[PDB]
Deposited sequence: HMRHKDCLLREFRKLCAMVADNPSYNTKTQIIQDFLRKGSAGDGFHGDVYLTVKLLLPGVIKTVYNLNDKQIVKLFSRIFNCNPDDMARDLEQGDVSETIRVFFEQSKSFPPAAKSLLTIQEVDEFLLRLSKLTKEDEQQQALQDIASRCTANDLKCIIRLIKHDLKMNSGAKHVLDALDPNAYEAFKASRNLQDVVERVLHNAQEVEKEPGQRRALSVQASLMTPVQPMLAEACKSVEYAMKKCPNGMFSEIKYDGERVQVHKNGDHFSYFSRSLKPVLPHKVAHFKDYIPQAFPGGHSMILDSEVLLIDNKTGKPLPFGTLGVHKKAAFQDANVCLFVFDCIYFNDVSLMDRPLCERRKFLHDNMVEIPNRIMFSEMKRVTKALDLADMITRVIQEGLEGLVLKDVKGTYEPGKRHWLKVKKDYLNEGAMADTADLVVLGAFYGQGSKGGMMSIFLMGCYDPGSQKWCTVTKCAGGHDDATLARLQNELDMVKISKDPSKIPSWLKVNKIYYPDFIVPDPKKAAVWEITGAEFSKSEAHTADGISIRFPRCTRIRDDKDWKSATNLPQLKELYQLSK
């Protein structure tokens, strides 16, 4: 009983093709809705509808996919590579799927979406090239091409239809989206909607041990701005340059979710099962929202961002990892997402005991009047602490919603900055495609008197300006001057960009400087200096 029409790739594709060819979200979700109501497996169509939200790792991508299919097709992998420049592997494959006077497409579309899901599962367990090519072949040899194309889009986590979770889930129930954010497990949502739809003839609760879409922070560009959105005053916390960790604990089972709700790599969380119970006497269950950091144990100071790597962790003889708890969503079987922050933070202090260098309250001063805030921004840029995170006081806990504020030096107006020389180019993928979307930014060096690399750059430019840029730029084609102001959070060091080892955290481009055609742009020792002033 998986053999009805609604379970066919052909129909699934129909669905995908329709939604993409229809630019209003209102109608996109309507489309899905009609389909789920009129005309088949519910869980799977919604799941397959969200390859980028319900992610399975295949260890494949443009490069490898092309390698492996040139093998099954018996054709030249150079030609496919040129075709990768239009920026869509799915299309690139389908085209090279009739060319094969050796591996021809199937006669008719006969795949049931269960088989595609069962396939993807088993694909995801593969890791050696041999095994993958096989699997891929097993499936590919049952595909209308139309089929195959779709199925590599699934592999690629992107159905190119402009409908993400919100819009797909809205077809499922007035509250599916909201409910999903509070307990982020699709199968459970559907099970719940089908138990509801059952009894005729959907409540948004958080569930202990299953992830909650963490609450988010909006970029806030001025004090004026922050003041407006916190009409009740705010709590100002220091912005930990760490990794967000949501802790769930149930009796003595502990689980640790990351920002993306993936489990946290155990080497940065394995030791907390030991402290938390001491941090929280008589808290059998709870869900905490925190940041994890590697702390310098001999000085109290936290260590910079990269430092959370296993081998980096390992270099320091001073530190183990530490947790800064800045929120509490749930505790002893009761959700607190609805309570206002001011009440939640109160509960924290009222129930947690700080344990030295492991489990730590995040420091949050009340701020209430503009001047007092603007001082704090200055006070904190001073010793290069990343920024601030400001939260309204009466605010409740709203999963997934960007309602907190984050402030950092590069936002107001004060930003780390380099007027860099553009050298090279790369093709963009998709919407941007067959174009020079990305750019290679570097500096001249009077040392070896050769040119030098600092960071790539894509952001900054609007669509209208990008297409004009297609012309004004010289033609470095070999894959085997002009000058831009680029702008980032900081300046980083590592053994990868030729320039001594320096680079830009979140490189963006701001000004297009029509003045300083080389020579006046930055050179190695100049930048070498720039970096060091931030220390």
query	finding
Regions of the deposited sequence not represented in the model	40-46, 209-216, 429-431, 499-524
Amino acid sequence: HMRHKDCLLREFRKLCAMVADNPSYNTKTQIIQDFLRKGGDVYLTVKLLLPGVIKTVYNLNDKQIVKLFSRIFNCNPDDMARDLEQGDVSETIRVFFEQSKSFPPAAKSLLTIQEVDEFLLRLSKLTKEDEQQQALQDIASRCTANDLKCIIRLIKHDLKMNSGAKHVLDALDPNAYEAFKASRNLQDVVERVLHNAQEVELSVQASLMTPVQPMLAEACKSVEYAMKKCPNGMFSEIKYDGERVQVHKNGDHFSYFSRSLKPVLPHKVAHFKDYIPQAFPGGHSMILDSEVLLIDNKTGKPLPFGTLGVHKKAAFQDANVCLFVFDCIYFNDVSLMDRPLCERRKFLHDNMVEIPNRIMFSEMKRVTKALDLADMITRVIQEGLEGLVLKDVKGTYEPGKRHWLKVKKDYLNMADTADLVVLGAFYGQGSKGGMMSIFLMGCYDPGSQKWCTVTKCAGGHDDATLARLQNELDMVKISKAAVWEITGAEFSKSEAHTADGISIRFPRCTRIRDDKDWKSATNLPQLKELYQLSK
From here on, numbers count along this sequence of modelled residues.
item: Per the entry, higher mean C-alpha B factor between 510-518 and 8-16; value: 510-518
item: Mean C-alpha B-factor comparison - 104-112 and 332-340, higher one; value: 104-112
item: Out of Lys432, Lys125, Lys156, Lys181, highest CA B-factor residue; value: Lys432
item: From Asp350, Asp289, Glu199, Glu398, residue of greatest CA B-factor; value: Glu199
item: CA B-factor ranking of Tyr43, expressed as a third of its chain; value: lowest
item: Chain-wide C-alpha B factor ranking for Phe280, given as lowest, middle or highest third; value: lowest
item: Chain-relative CA temperature factor third for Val168; value: lowest
item: Entry-reported Cα temperature factor of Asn59, expressed as the chain third it lands in; value: lowest
item: Third assignment of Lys391 from its chain's C-alpha B-factors; value: lowest
